[PDB]
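Included below are structure tokens for two forms of one protein chain, each presented in isolation as structure 1 and structure 2.
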Structure 1
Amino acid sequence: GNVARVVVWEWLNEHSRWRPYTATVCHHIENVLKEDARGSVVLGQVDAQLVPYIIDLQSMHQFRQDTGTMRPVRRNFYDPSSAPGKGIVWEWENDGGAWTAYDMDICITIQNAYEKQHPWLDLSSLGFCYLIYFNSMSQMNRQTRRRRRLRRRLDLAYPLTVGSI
């Protein structure tokens, strides 16, 4: 039998959290992997801001060209009914005015709460002292009460592949 699953490539950050690459980058990574299992993904070819980084598919690590520092990467899978299967992305605004995507597990949970018409979502069970309020469209830190704008966009869907069973 065949089952469909959404591919989300993730890289491990300094806070030990798996961060998603954007859908555009994930399609490029999958295309390189389909050509060669031990290839190198030059992320600068698809996103100028990621010009320092290369994904070494042989070792499954992202490395910075100028420093040699390595970060583990993973070809993760999510359900096709989840946000990345359609291209839905939830993002929060930093002090500088830039928008950052939530970690994929949190993005999926926010979208699931939003479509079930829940007024809010407490992320404390996931290990995050924050509340997402949908009527005001803002995130609030539970301990300090600081608010940040949030938004949803319809970007590109992440790659979707078949798993054989």
Structure 2
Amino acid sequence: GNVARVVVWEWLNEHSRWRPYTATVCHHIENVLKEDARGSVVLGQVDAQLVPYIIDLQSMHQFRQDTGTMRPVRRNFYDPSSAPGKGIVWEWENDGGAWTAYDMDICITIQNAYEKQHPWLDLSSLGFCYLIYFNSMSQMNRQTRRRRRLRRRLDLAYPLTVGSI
């Protein structure tokens, strides 16, 4: 018995939410893990914005030289038929104008609703008090009625590996 599973590396933030890395970063981590289970992933080799980021596989923690934080990381897995298995990413635009990916469980839920031709999706049952409007491509706070923009891109697919039995 062999099954396929999508590899999504994730780091725990200050709100106790597991945040995903990008698919480019996750491929680089898995290549270091294949060669050395106790190695260090130097994300500065990938892009200049990731210079202060180091992921230590020896202790499974993220090290940031620009802030000093030590935050746990995990090697999580999702279903190949979900958005990370293809490369589909849903992102929302923060106050600084930067695009930020939703949590992976929410990203997969948004993509499932979009292809089911749902005009909108309510995330309240999943903890987020937000409404996703695909017609205006926006996210609305249920309490304040204020909105942010969101977009869909076909980025890189996250790595896929084999789980035995």
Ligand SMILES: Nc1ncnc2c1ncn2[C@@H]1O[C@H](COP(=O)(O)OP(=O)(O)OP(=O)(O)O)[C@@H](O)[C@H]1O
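For clarity, a rigid core is taken as the largest C-alpha set superposing within 1.5 Å between two forms. Start at 1 and count along the sequence of structure 1; that gives the residue numbers used here.
S.K.: Of these two copies of the chain, point out the form deposited with this ligand bound.
M.R.: If we ask which form is the one deposited with this ligand bound, the answer is structure 1.
S.K.: Which of these moves by 2 angstroms or more at the C-alpha between structures 1 and 2, core superposed: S138, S40, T69, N112?
M.R.: After core superposition, the one over threshold is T69.
S.K.: Please give the CA displacement of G96 between structures 1 and 2, in Å, after core superposition.
M.R.: That residue's C-alpha is offset by 2.3 Å.
S.K.: After lining up the core, report the Cα displacement of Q49 between structures 1 and 2 in Å, one decimal place.
M.R.: With the rigid core fitted, the alpha carbon of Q49 is displaced 1.4 Å between structures 1 and 2.
S.K.: Once both forms sit on the same core, give the Cα displacement of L160 between structures 1 and 2 in angstrom.
M.R.: With the rigid core fitted, the alpha carbon of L160 is displaced 0.4 Å between structures 1 and 2.
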